[PDB]
$ cat entry39.json   # JSON, C-alpha atoms
[["chain", "number", "residue", "atom", "x", "y", "z"],
["M", 37, "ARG", "CA", 16.55, -46.10, 63.85],
["M", 38, "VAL", "CA", 16.70, -42.43, 62.82],
["M", 39, "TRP", "CA", 17.34, -40.41, 59.67],
["M", 40, "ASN", "CA", 20.78, -39.46, 58.41],
["M", 41, "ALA", "CA", 21.60, -37.38, 55.35],
["M", 42, "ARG", "CA", 22.53, -40.49, 53.36],
["M", 43, "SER", "CA", 19.56, -42.67, 54.32],
["M", 44, "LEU", "CA", 17.15, -39.75, 53.90],
["M", 45, "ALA", "CA", 18.58, -38.95, 50.46],
["M", 46, "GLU", "CA", 18.06, -42.57, 49.39],
["M", 47, "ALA", "CA", 14.46, -42.68, 50.62],
["M", 48, "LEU", "CA", 13.64, -39.37, 48.93],
["M", 49, "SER", "CA", 15.19, -40.52, 45.64],
["M", 50, "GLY", "CA", 12.63, -43.32, 45.40],
["M", 51, "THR", "CA", 9.57, -41.10, 45.74],
["M", 52, "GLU", "CA", 7.44, -40.00, 42.80],
["M", 53, "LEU", "CA", 8.59, -36.38, 43.04],
["M", 54, "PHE", "CA", 12.20, -37.47, 42.41],
["M", 55, "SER", "CA", 11.67, -40.52, 40.19],
["M", 56, "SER", "CA", 9.80, -38.18, 37.83],
["M", 57, "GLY", "CA", 12.53, -35.52, 37.74],
["M", 58, "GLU", "CA", 10.31, -32.82, 39.27],
["M", 59, "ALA", "CA", 12.93, -32.74, 42.05],
["M", 60, "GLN", "CA", 16.45, -34.11, 42.36],
["M", 61, "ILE", "CA", 18.82, -34.95, 45.20],
["M", 62, "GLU", "CA", 22.21, -33.22, 45.57],
["M", 63, "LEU", "CA", 24.07, -35.04, 48.35],
["M", 64, "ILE", "CA", 27.46, -33.46, 49.11],
["M", 65, "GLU", "CA", 29.86, -36.22, 50.13],
["M", 66, "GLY", "CA", 32.41, -35.40, 52.80],
["M", 67, "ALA", "CA", 33.21, -35.86, 56.47],
["M", 68, "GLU", "CA", 29.49, -35.82, 57.22],
["M", 69, "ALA", "CA", 27.23, -35.56, 54.19],
["M", 70, "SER", "CA", 24.99, -32.57, 53.45],
["M", 71, "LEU", "CA", 21.66, -33.06, 51.70],
["M", 72, "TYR", "CA", 20.15, -30.58, 49.22],
["M", 73, "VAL", "CA", 16.91, -30.86, 47.25],
["M", 74, "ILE", "CA", 16.41, -28.90, 44.02],
["M", 75, "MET", "CA", 12.73, -28.23, 43.34],
["M", 76, "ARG", "CA", 12.77, -28.25, 39.54],
["M", 77, "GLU", "CA", 9.18, -26.99, 39.35],
["M", 78, "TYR", "CA", 10.02, -23.96, 41.53],
["M", 79, "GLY", "CA", 12.81, -22.60, 39.35],
["M", 80, "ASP", "CA", 15.39, -25.04, 40.75],
["M", 81, "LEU", "CA", 14.90, -23.72, 44.28],
["M", 82, "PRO", "CA", 17.57, -25.43, 46.43],
["M", 83, "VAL", "CA", 16.38, -26.76, 49.79],
["M", 84, "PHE", "CA", 18.73, -27.72, 52.63],
["M", 85, "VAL", "CA", 17.75, -30.88, 54.53],
["M", 86, "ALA", "CA", 19.73, -31.62, 57.67],
["M", 87, "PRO", "CA", 19.11, -33.93, 60.65],
["M", 88, "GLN", "CA", 20.33, -32.37, 63.88],
["M", 89, "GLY", "CA", 19.49, -34.58, 66.85],
["M", 90, "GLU", "CA", 16.47, -32.68, 68.21],
["M", 91, "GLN", "CA", 14.91, -32.04, 64.78],
["M", 92, "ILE", "CA", 15.30, -32.35, 61.02],
["M", 93, "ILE", "CA", 15.83, -28.86, 59.58],
["M", 94, "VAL", "CA", 14.49, -27.93, 56.14],
["M", 95, "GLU", "CA", 15.56, -24.49, 54.96],
["M", 96, "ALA", "CA", 15.46, -22.31, 51.86],
["M", 97, "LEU", "CA", 16.52, -18.73, 51.14],
["M", 98, "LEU", "CA", 13.98, -15.96, 50.61],
["M", 99, "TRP", "CA", 15.81, -12.73, 49.75],
["M", 100, "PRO", "CA", 18.71, -10.63, 51.07],
["M", 101, "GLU", "CA", 18.10, -8.31, 54.00],
["M", 102, "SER", "CA", 19.03, -5.54, 51.55],
["M", 103, "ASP", "CA", 15.90, -6.17, 49.43],
["M", 104, "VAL", "CA", 13.65, -5.21, 52.37],
["M", 105, "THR", "CA", 12.64, -1.55, 52.40],
["M", 106, "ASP", "CA", 11.94, -1.33, 56.16],
["M", 107, "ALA", "CA", 13.59, -4.23, 57.99],
["M", 108, "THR", "CA", 12.14, -2.94, 61.27],
["M", 109, "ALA", "CA", 8.54, -3.00, 60.04],
["M", 110, "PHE", "CA", 9.06, -6.27, 58.15],
["M", 111, "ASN", "CA", 10.45, -8.02, 61.23],
["M", 112, "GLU", "CA", 7.35, -7.16, 63.25],
["M", 113, "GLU", "CA", 5.08, -8.24, 60.39],
["M", 114, "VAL", "CA", 6.90, -11.58, 60.17],
["M", 115, "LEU", "CA", 6.14, -12.28, 63.84],
["M", 116, "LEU", "CA", 2.51, -11.18, 63.43],
["M", 117, "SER", "CA", 1.83, -13.43, 60.40],
["M", 118, "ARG", "CA", 3.04, -16.88, 61.45],
["M", 119, "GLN", "CA", -0.34, -18.19, 60.27],
["M", 120, "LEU", "CA", 0.53, -17.20, 56.69],
["M", 121, "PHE", "CA", 2.82, -20.21, 56.13],
["M", 122, "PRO", "CA", 1.90, -23.62, 57.58],
["M", 123, "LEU", "CA", 4.68, -25.90, 58.83],
["M", 124, "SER", "CA", 7.46, -23.32, 58.24],
["M", 125, "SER", "CA", 8.61, -20.00, 59.68],
["M", 126, "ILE", "CA", 10.82, -17.15, 58.48],
["M", 127, "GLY", "CA", 14.30, -16.50, 59.86],
["M", 128, "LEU", "CA", 17.46, -14.44, 59.43],
["M", 129, "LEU", "CA", 20.82, -15.95, 58.47],
["M", 130, "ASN", "CA", 24.42, -14.79, 58.05],
["M", 131, "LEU", "CA", 27.08, -15.55, 55.45],
["M", 135, "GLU", "CA", 25.24, -10.58, 53.92],
["M", 136, "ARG", "CA", 22.17, -11.36, 56.07],
["M", 137, "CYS", "CA", 19.44, -13.24, 54.19],
["M", 138, "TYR", "CA", 15.83, -14.06, 55.08],
["M", 139, "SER", "CA", 15.18, -17.81, 55.20],
["M", 140, "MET", "CA", 12.14, -20.08, 55.36],
["M", 141, "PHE", "CA", 12.79, -23.06, 57.63],
["M", 142, "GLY", "CA", 10.69, -26.01, 58.72],
["M", 143, "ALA", "CA", 11.31, -28.40, 61.60],
["M", 144, "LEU", "CA", 10.05, -31.95, 62.12],
["M", 145, "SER", "CA", 10.76, -34.85, 64.45],
["M", 146, "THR", "CA", 14.01, -36.76, 64.01],
["M", 147, "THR", "CA", 11.94, -39.93, 63.44],
["M", 148, "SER", "CA", 9.25, -38.53, 61.13],
["M", 149, "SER", "CA", 7.98, -40.63, 58.24],
["M", 150, "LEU", "CA", 9.28, -40.22, 54.71],
["M", 151, "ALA", "CA", 5.89, -38.84, 53.67],
["M", 152, "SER", "CA", 6.12, -36.22, 56.43],
["M", 153, "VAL", "CA", 9.62, -35.17, 55.38],
["M", 154, "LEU", "CA", 8.53, -35.11, 51.75],
["M", 155, "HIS", "CA", 5.43, -33.07, 52.61],
["M", 156, "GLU", "CA", 7.52, -30.57, 54.58],
["M", 157, "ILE", "CA", 9.92, -30.01, 51.67],
["M", 158, "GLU", "CA", 7.08, -29.55, 49.18],
["M", 159, "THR", "CA", 5.21, -27.22, 51.54],
["M", 160, "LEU", "CA", 8.30, -25.12, 52.27],
["M", 161, "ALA", "CA", 8.90, -24.63, 48.54],
["M", 162, "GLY", "CA", 5.32, -23.48, 47.97],
["M", 163, "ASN", "CA", 5.62, -21.25, 51.04],
["M", 164, "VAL", "CA", 8.74, -19.56, 49.63],
["M", 165, "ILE", "CA", 6.85, -18.59, 46.47],
["M", 166, "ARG", "CA", 3.91, -17.53, 48.64],
["M", 167, "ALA", "CA", 6.19, -15.32, 50.75],
["M", 168, "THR", "CA", 7.24, -13.29, 47.71],
["M", 169, "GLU", "CA", 3.58, -13.09, 46.65],
["M", 170, "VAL", "CA", 2.22, -11.98, 50.04],
["M", 171, "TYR", "CA", 5.18, -9.83, 51.16],
["M", 172, "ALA", "CA", 6.01, -8.15, 47.83],
["M", 173, "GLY", "CA", 4.95, -4.76, 49.18],
["M", 174, "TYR", "CA", 7.90, -4.87, 51.57],
["M", 175, "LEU", "CA", 10.42, -5.42, 48.75],
["M", 176, "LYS", "CA", 12.30, -2.73, 46.82],
["M", 177, "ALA", "CA", 11.91, -3.73, 43.16],
["P", 37, "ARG", "CA", -8.37, -40.52, 59.40],
["P", 38, "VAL", "CA", -7.06, -37.28, 60.91],
["P", 39, "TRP", "CA", -6.92, -35.61, 64.32],
["P", 40, "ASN", "CA", -9.72, -33.53, 65.79],
["P", 41, "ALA", "CA", -9.73, -31.73, 69.13],
["P", 42, "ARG", "CA", -11.89, -34.44, 70.71],
["P", 43, "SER", "CA", -10.02, -37.48, 69.38],
["P", 44, "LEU", "CA", -6.65, -35.86, 70.12],
["P", 45, "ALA", "CA", -7.73, -35.02, 73.68],
["P", 46, "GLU", "CA", -8.75, -38.65, 74.24],
["P", 47, "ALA", "CA", -5.47, -40.04, 72.90],
["P", 48, "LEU", "CA", -3.43, -37.60, 75.00],
["P", 49, "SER", "CA", -5.40, -38.45, 78.15],
["P", 50, "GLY", "CA", -4.19, -42.06, 77.93],
["P", 51, "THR", "CA", -0.49, -41.23, 77.81],
["P", 52, "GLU", "CA", 1.82, -41.49, 80.81],
["P", 53, "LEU", "CA", 2.23, -37.71, 81.08],
["P", 54, "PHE", "CA", -1.53, -37.33, 81.66],
["P", 55, "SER", "CA", -2.33, -40.61, 83.44],
["P", 56, "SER", "CA", 0.25, -39.56, 86.04],
["P", 57, "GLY", "CA", -1.18, -36.06, 86.56],
["P", 58, "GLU", "CA", 1.98, -34.31, 85.34],
["P", 59, "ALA", "CA", -0.30, -32.80, 82.68],
["P", 60, "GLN", "CA", -4.06, -32.59, 82.29],
["P", 61, "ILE", "CA", -6.49, -32.00, 79.43],
["P", 62, "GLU", "CA", -8.88, -29.03, 79.39],
["P", 63, "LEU", "CA", -11.24, -29.56, 76.45],
["P", 64, "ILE", "CA", -13.69, -26.66, 76.00],
["P", 65, "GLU", "CA", -16.97, -28.05, 74.69],
["P", 66, "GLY", "CA", -18.89, -25.93, 72.23],
["P", 67, "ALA", "CA", -19.70, -25.52, 68.55],
["P", 68, "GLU", "CA", -16.26, -26.89, 67.71],
["P", 69, "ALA", "CA", -14.17, -27.97, 70.68],
["P", 70, "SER", "CA", -10.95, -26.26, 71.75],
["P", 71, "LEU", "CA", -8.14, -28.28, 73.33],
["P", 72, "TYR", "CA", -5.83, -26.98, 76.06],
["P", 73, "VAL", "CA", -3.04, -28.80, 77.89],
["P", 74, "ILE", "CA", -1.89, -27.66, 81.34],
["P", 75, "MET", "CA", 1.74, -28.63, 82.00],
["P", 76, "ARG", "CA", 1.58, -29.14, 85.76],
["P", 77, "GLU", "CA", 5.37, -29.47, 86.02],
["P", 78, "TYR", "CA", 5.88, -26.09, 84.29],
["P", 79, "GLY", "CA", 3.81, -24.03, 86.71],
["P", 80, "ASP", "CA", 0.51, -25.01, 85.07],
["P", 81, "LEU", "CA", 1.59, -23.55, 81.73],
["P", 82, "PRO", "CA", -1.47, -23.73, 79.45],
["P", 83, "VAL", "CA", -0.83, -24.96, 75.91],
["P", 84, "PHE", "CA", -3.29, -24.50, 73.04],
["P", 85, "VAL", "CA", -3.61, -27.50, 70.70],
["P", 86, "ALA", "CA", -5.63, -26.96, 67.54],
["P", 87, "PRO", "CA", -5.91, -28.90, 64.27],
["P", 88, "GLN", "CA", -6.31, -26.56, 61.31],
["P", 89, "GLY", "CA", -6.34, -28.50, 58.05],
["P", 90, "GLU", "CA", -2.78, -27.82, 56.88],
["P", 91, "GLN", "CA", -1.19, -28.32, 60.31],
["P", 92, "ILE", "CA", -1.77, -28.96, 64.00],
["P", 93, "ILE", "CA", -0.89, -25.78, 65.91],
["P", 94, "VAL", "CA", 0.60, -25.93, 69.41],
["P", 95, "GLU", "CA", 0.98, -22.54, 71.07],
["P", 96, "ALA", "CA", 1.86, -21.02, 74.43],
["P", 97, "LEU", "CA", 2.31, -17.46, 75.66],
["P", 98, "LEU", "CA", 5.74, -16.04, 76.48],
["P", 99, "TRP", "CA", 5.34, -12.49, 77.82],
["P", 100, "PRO", "CA", 3.57, -9.25, 76.87],
["P", 101, "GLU", "CA", 5.15, -7.00, 74.26],
["P", 102, "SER", "CA", 5.34, -4.45, 77.09],
["P", 103, "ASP", "CA", 7.89, -6.56, 79.01],
["P", 104, "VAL", "CA", 10.42, -6.20, 76.17],
["P", 105, "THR", "CA", 12.82, -3.29, 76.59],
["P", 106, "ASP", "CA", 13.65, -2.87, 72.88],
["P", 107, "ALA", "CA", 11.03, -4.58, 70.73],
["P", 108, "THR", "CA", 12.96, -3.56, 67.61],
["P", 109, "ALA", "CA", 16.20, -5.23, 68.72],
["P", 110, "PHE", "CA", 14.36, -8.23, 70.17],
["P", 111, "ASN", "CA", 12.46, -8.85, 66.92],
["P", 112, "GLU", "CA", 15.71, -9.05, 64.95],
["P", 113, "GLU", "CA", 17.27, -11.32, 67.57],
["P", 114, "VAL", "CA", 14.25, -13.64, 67.40],
["P", 115, "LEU", "CA", 14.76, -14.09, 63.65],
["P", 116, "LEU", "CA", 18.52, -14.61, 64.10],
["P", 117, "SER", "CA", 18.15, -17.32, 66.77],
["P", 118, "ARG", "CA", 15.68, -19.82, 65.31],
["P", 119, "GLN", "CA", 18.21, -22.53, 66.21],
["P", 120, "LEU", "CA", 17.71, -21.77, 69.91],
["P", 121, "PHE", "CA", 14.39, -23.64, 70.13],
["P", 122, "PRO", "CA", 13.91, -26.91, 68.20],
["P", 123, "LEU", "CA", 10.47, -27.68, 66.74],
["P", 124, "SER", "CA", 8.96, -24.31, 67.75],
["P", 125, "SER", "CA", 9.28, -20.64, 66.80],
["P", 126, "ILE", "CA", 8.37, -17.34, 68.44],
["P", 127, "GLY", "CA", 5.49, -15.16, 67.25],
["P", 128, "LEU", "CA", 3.42, -12.08, 68.05],
["P", 129, "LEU", "CA", -0.30, -12.22, 68.88],
["P", 130, "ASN", "CA", -3.14, -9.78, 69.56],
["P", 131, "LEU", "CA", -5.95, -9.74, 72.11],
["P", 135, "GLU", "CA", -2.30, -6.19, 74.24],
["P", 136, "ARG", "CA", 0.25, -7.84, 71.92],
["P", 137, "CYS", "CA", 1.94, -10.90, 73.45],
["P", 138, "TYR", "CA", 4.93, -12.98, 72.36],
["P", 139, "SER", "CA", 4.02, -16.61, 71.72],
["P", 140, "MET", "CA", 5.89, -19.88, 71.17],
["P", 141, "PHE", "CA", 4.16, -22.01, 68.54],
["P", 142, "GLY", "CA", 4.94, -25.38, 67.00],
["P", 143, "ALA", "CA", 3.48, -26.91, 63.85],
["P", 144, "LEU", "CA", 3.22, -30.56, 62.82],
["P", 145, "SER", "CA", 1.47, -32.59, 60.15],
["P", 146, "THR", "CA", -2.28, -33.06, 60.41],
["P", 147, "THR", "CA", -1.68, -36.85, 60.50],
["P", 148, "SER", "CA", 1.27, -36.97, 62.90],
["P", 149, "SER", "CA", 1.51, -39.77, 65.44],
["P", 150, "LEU", "CA", 0.38, -39.35, 69.03],
["P", 151, "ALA", "CA", 4.01, -39.61, 70.15],
["P", 152, "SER", "CA", 4.94, -36.77, 67.77],
["P", 153, "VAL", "CA", 2.12, -34.55, 69.05],
["P", 154, "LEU", "CA", 3.05, -35.42, 72.63],
["P", 155, "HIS", "CA", 6.73, -34.70, 71.97],
["P", 156, "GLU", "CA", 5.88, -31.34, 70.40],
["P", 157, "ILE", "CA", 3.83, -30.25, 73.43],
["P", 158, "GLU", "CA", 6.53, -31.31, 75.88],
["P", 159, "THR", "CA", 9.26, -29.65, 73.80],
["P", 160, "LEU", "CA", 7.30, -26.40, 73.45],
["P", 161, "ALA", "CA", 6.84, -26.21, 77.22],
["P", 162, "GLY", "CA", 10.55, -26.69, 77.83],
["P", 163, "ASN", "CA", 11.26, -24.14, 75.11],
["P", 164, "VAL", "CA", 9.06, -21.54, 76.82],
["P", 165, "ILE", "CA", 11.08, -21.84, 80.02],
["P", 166, "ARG", "CA", 14.26, -21.78, 77.93],
["P", 167, "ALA", "CA", 13.13, -18.58, 76.20],
["P", 168, "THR", "CA", 12.90, -16.73, 79.52],
["P", 169, "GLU", "CA", 16.30, -18.16, 80.49],
["P", 170, "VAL", "CA", 18.09, -17.25, 77.24],
["P", 171, "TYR", "CA", 16.27, -13.95, 76.50],
["P", 172, "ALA", "CA", 16.10, -12.55, 80.05],
["P", 173, "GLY", "CA", 18.47, -9.73, 79.14],
["P", 174, "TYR", "CA", 15.79, -8.31, 76.84],
["P", 175, "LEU", "CA", 13.18, -8.18, 79.63],
["P", 176, "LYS", "CA", 12.49, -5.24, 81.95],
["P", 177, "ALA", "CA", 12.34, -6.80, 85.44]]
$ encode --input "entry39.json" --output "structure tokens"
Amino acid sequence: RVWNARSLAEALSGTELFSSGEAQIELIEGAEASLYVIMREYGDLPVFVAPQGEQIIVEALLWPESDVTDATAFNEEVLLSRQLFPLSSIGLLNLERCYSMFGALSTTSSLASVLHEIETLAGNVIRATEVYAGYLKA
Amino acid sequence: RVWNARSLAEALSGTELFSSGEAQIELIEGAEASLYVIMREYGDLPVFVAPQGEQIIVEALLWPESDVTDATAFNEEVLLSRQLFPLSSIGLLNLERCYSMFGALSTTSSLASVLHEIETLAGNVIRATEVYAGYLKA
């Protein structure tokens, strides 16, 4: 009737991307489980997958705020270039502050939609470093 | 086999929100059509709905960049508060620069998902003025 970390992890495990080992599930058992996806073909990029009532959040880390030469100019450029990355947008997090790439989809989206979002966010993260490299230090 | 402005406008027209007059379709005929949704219950807030290959874009205007007291501080706050608005994120556009609220969903999403995104984005726009008012001039 709606996704939870456990049910979503099971569904994802049965897809080709995971059955083939190109990605793997890391479900953290606890009070309420936390789902992580490791994109093996993106250098083991970990992706956080969390249902949250009004949306399913899919998030990955970009680079620390310290790696940005001009945070002021980069912030404005981020808001001007939403078009650059389909289905996901860049954010700022706290622990040192880090730039993230998050996607959001309906709490009742299909498995294919959730899968597509994860795959797209991973590709977007690599694309961010490729299209924003000029703003980085080294 | 995938949404276009015309087919999406037809589907939306048959939903309760539009059959009741609480929202209405404004499809601009031309070379390739452009779809707009007027949220009558949000002060006739116009919403742009456009399919674009890798995503369906849903966008509305927030306020001109001139209405923001400290664009530098507001930009950083926007990136820190993604959680504030589910399913949509804030951006910057050009004609004078204006702050926008855009949502993105799969090119094959269900009508209910597209409808939910539009409704949520409208509510988010009102919420943005309510939660960010301190950053505005008057």
$ calpha_fit_and_write --input "entry39.json" --fixed "chain M" --moving "chain P" --output "tab-separated table (two decimals) with C-alpha atoms, keeping the file's coordinate frame"
chain	number	residue	atom	x	y	z
P	37	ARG	CA	16.54	-46.10	63.85
P	38	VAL	CA	16.69	-42.43	62.82
P	39	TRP	CA	17.33	-40.41	59.67
P	40	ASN	CA	20.78	-39.45	58.41
P	41	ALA	CA	21.60	-37.38	55.35
P	42	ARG	CA	22.53	-40.49	53.36
P	43	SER	CA	19.56	-42.67	54.32
P	44	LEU	CA	17.15	-39.75	53.90
P	45	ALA	CA	18.58	-38.94	50.46
P	46	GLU	CA	18.07	-42.57	49.39
P	47	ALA	CA	14.47	-42.68	50.62
P	48	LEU	CA	13.64	-39.37	48.92
P	49	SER	CA	15.19	-40.51	45.63
P	50	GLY	CA	12.63	-43.32	45.40
P	51	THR	CA	9.57	-41.10	45.74
P	52	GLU	CA	7.44	-40.00	42.80
P	53	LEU	CA	8.59	-36.38	43.05
P	54	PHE	CA	12.20	-37.47	42.42
P	55	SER	CA	11.66	-40.52	40.19
P	56	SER	CA	9.80	-38.19	37.83
P	57	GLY	CA	12.53	-35.52	37.74
P	58	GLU	CA	10.31	-32.83	39.28
P	59	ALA	CA	12.93	-32.74	42.05
P	60	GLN	CA	16.44	-34.11	42.36
P	61	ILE	CA	18.82	-34.94	45.20
P	62	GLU	CA	22.20	-33.22	45.57
P	63	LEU	CA	24.07	-35.04	48.34
P	64	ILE	CA	27.46	-33.46	49.11
P	65	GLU	CA	29.87	-36.22	50.13
P	66	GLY	CA	32.41	-35.40	52.79
P	67	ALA	CA	33.21	-35.85	56.47
P	68	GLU	CA	29.49	-35.82	57.22
P	69	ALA	CA	27.22	-35.56	54.19
P	70	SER	CA	25.00	-32.57	53.45
P	71	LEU	CA	21.66	-33.05	51.69
P	72	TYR	CA	20.15	-30.58	49.23
P	73	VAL	CA	16.91	-30.86	47.25
P	74	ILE	CA	16.42	-28.90	44.02
P	75	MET	CA	12.72	-28.23	43.34
P	76	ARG	CA	12.77	-28.25	39.54
P	77	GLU	CA	9.18	-26.99	39.35
P	78	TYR	CA	10.02	-23.96	41.53
P	79	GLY	CA	12.82	-22.60	39.35
P	80	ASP	CA	15.39	-25.04	40.75
P	81	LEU	CA	14.90	-23.73	44.28
P	82	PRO	CA	17.56	-25.43	46.43
P	83	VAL	CA	16.38	-26.76	49.79
P	84	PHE	CA	18.73	-27.72	52.63
P	85	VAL	CA	17.75	-30.88	54.53
P	86	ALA	CA	19.73	-31.62	57.68
P	87	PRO	CA	19.11	-33.93	60.65
P	88	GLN	CA	20.34	-32.37	63.88
P	89	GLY	CA	19.49	-34.58	66.85
P	90	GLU	CA	16.47	-32.68	68.20
P	91	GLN	CA	14.91	-32.04	64.78
P	92	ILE	CA	15.29	-32.36	61.03
P	93	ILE	CA	15.82	-28.87	59.58
P	94	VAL	CA	14.50	-27.93	56.14
P	95	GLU	CA	15.56	-24.49	54.96
P	96	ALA	CA	15.46	-22.31	51.86
P	97	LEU	CA	16.52	-18.74	51.13
P	98	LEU	CA	13.98	-15.96	50.61
P	99	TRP	CA	15.81	-12.73	49.74
P	100	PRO	CA	18.71	-10.63	51.07
P	101	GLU	CA	18.09	-8.31	54.00
P	102	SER	CA	19.03	-5.54	51.55
P	103	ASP	CA	15.90	-6.17	49.43
P	104	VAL	CA	13.65	-5.21	52.37
P	105	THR	CA	12.64	-1.55	52.41
P	106	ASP	CA	11.94	-1.33	56.16
P	107	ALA	CA	13.59	-4.22	57.99
P	108	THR	CA	12.15	-2.94	61.27
P	109	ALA	CA	8.54	-3.00	60.04
P	110	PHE	CA	9.06	-6.26	58.15
P	111	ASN	CA	10.45	-8.02	61.23
P	112	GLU	CA	7.34	-7.16	63.25
P	113	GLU	CA	5.08	-8.24	60.39
P	114	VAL	CA	6.90	-11.58	60.16
P	115	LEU	CA	6.15	-12.28	63.83
P	116	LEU	CA	2.51	-11.18	63.42
P	117	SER	CA	1.83	-13.42	60.41
P	118	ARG	CA	3.04	-16.88	61.45
P	119	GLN	CA	-0.34	-18.19	60.26
P	120	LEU	CA	0.53	-17.21	56.69
P	121	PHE	CA	2.82	-20.21	56.12
P	122	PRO	CA	1.89	-23.62	57.58
P	123	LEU	CA	4.69	-25.90	58.83
P	124	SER	CA	7.45	-23.32	58.24
P	125	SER	CA	8.61	-20.00	59.68
P	126	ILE	CA	10.82	-17.16	58.47
P	127	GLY	CA	14.30	-16.50	59.86
P	128	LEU	CA	17.46	-14.44	59.42
P	129	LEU	CA	20.83	-15.95	58.48
P	130	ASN	CA	24.43	-14.79	58.05
P	131	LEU	CA	27.09	-15.55	55.45
P	135	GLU	CA	25.24	-10.58	53.92
P	136	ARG	CA	22.17	-11.36	56.07
P	137	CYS	CA	19.44	-13.24	54.19
P	138	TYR	CA	15.83	-14.07	55.08
P	139	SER	CA	15.19	-17.81	55.20
P	140	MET	CA	12.14	-20.09	55.36
P	141	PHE	CA	12.79	-23.07	57.63
P	142	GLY	CA	10.68	-26.01	58.72
P	143	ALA	CA	11.31	-28.40	61.60
P	144	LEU	CA	10.05	-31.95	62.12
P	145	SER	CA	10.76	-34.85	64.44
P	146	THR	CA	14.01	-36.75	64.02
P	147	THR	CA	11.93	-39.93	63.44
P	148	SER	CA	9.25	-38.53	61.13
P	149	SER	CA	7.98	-40.63	58.24
P	150	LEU	CA	9.28	-40.22	54.71
P	151	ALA	CA	5.89	-38.85	53.67
P	152	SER	CA	6.11	-36.22	56.43
P	153	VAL	CA	9.63	-35.17	55.38
P	154	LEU	CA	8.53	-35.11	51.75
P	155	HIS	CA	5.43	-33.06	52.60
P	156	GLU	CA	7.52	-30.57	54.58
P	157	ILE	CA	9.92	-30.00	51.67
P	158	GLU	CA	7.09	-29.55	49.18
P	159	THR	CA	5.20	-27.22	51.54
P	160	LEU	CA	8.29	-25.12	52.26
P	161	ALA	CA	8.90	-24.63	48.54
P	162	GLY	CA	5.33	-23.48	47.98
P	163	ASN	CA	5.63	-21.25	51.04
P	164	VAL	CA	8.73	-19.56	49.63
P	165	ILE	CA	6.86	-18.59	46.48
P	166	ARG	CA	3.91	-17.53	48.64
P	167	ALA	CA	6.19	-15.32	50.75
P	168	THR	CA	7.23	-13.29	47.71
P	169	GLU	CA	3.58	-13.09	46.65
P	170	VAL	CA	2.21	-11.98	50.04
P	171	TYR	CA	5.19	-9.82	51.17
P	172	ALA	CA	6.01	-8.15	47.83
P	173	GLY	CA	4.95	-4.76	49.18
P	174	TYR	CA	7.91	-4.86	51.57
P	175	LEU	CA	10.42	-5.42	48.75
P	176	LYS	CA	12.31	-2.73	46.83
P	177	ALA	CA	11.91	-3.73	43.16
$ closest_residue --input "entry39.json" --among "M:67, M:97, M:81, M:128" --to "chain P" --atoms "all atoms listed in the file"
M:128
$ closest_residue --input "entry39.json" --among "P:119, P:146, P:91, P:55" --to "chain M" --atoms "all atoms listed in the file"
P:91
$ interface_residues --input "entry39.json" --of "chain M" --to "chain P" --cutoff "10 Å" --atoms "only C-alpha atoms" --output "JSON, numbers by chain"
{"M": [88, 89, 90, 91, 92, 93, 107, 108, 109, 110, 111, 112, 113, 114, 115, 116, 117, 118, 119, 121, 122, 123, 124, 125, 126, 127, 128, 129, 130, 136, 138, 139, 141, 142, 143, 144, 145, 146, 147, 148, 149, 152, 153, 155, 156, 159]}
$ atom_distance --input "entry39.json" --atom1 "atom CA of residue 48 of chain M" --atom2 "atom CA of residue 68 of chain M"
18.2 Å
$ residues_around --input "entry39.json" --residues "residue 41 of chain M" --least-positions-apart "6" --cutoff "10 Å" --atoms "all atoms listed in the file" --output "PyMOL selection string"
chain M and resi 63-65+68-72+85-88+92
$ residues_around --input "entry39.json" --residues "residue 82 of chain P" --least-positions-apart "2" --cutoff "10 Å" --atoms "all atoms listed in the file" --output "ChimeraX atom specification"
/P:59-62,72-76,78-80,84-85,95-97,161
$ atom_distance --input "entry39.json" --atom1 "atom CA of residue 106 of chain P" --atom2 "atom CA of residue 120 of chain P"
19.6 Å
$ atom_distance --input "entry39.json" --atom1 "atom CA of residue 104 of chain P" --atom2 "atom CA of residue 163 of chain P"
18.0 Å
$ decode --input "entry39.json" --residues "segment 102-118 of chain M" --atoms "C-alpha atoms" --output "compact mmCIF listing (two decimals), in the first residue's frame"
# COMPACT_ATOMS: atom_id res chain seq x y z
CA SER M 102 35.48 23.30 1.10
CA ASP M 103 36.23 22.02 -2.42
CA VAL M 104 34.28 24.93 -3.96
CA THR M 105 36.44 27.94 -4.82
CA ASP M 106 33.62 30.53 -4.68
CA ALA M 107 30.64 29.16 -2.77
CA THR M 108 28.76 32.40 -3.44
CA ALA M 109 29.13 32.18 -7.22
CA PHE M 110 28.56 28.42 -7.23
CA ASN M 111 25.31 28.74 -5.27
CA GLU M 112 23.88 31.15 -7.83
CA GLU M 113 25.03 28.92 -10.70
CA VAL M 114 23.34 25.92 -9.08
CA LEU M 115 20.00 27.76 -9.05
CA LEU M 116 20.48 28.94 -12.65
CA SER M 117 21.25 25.46 -14.03
CA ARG M 118 18.43 23.24 -12.74
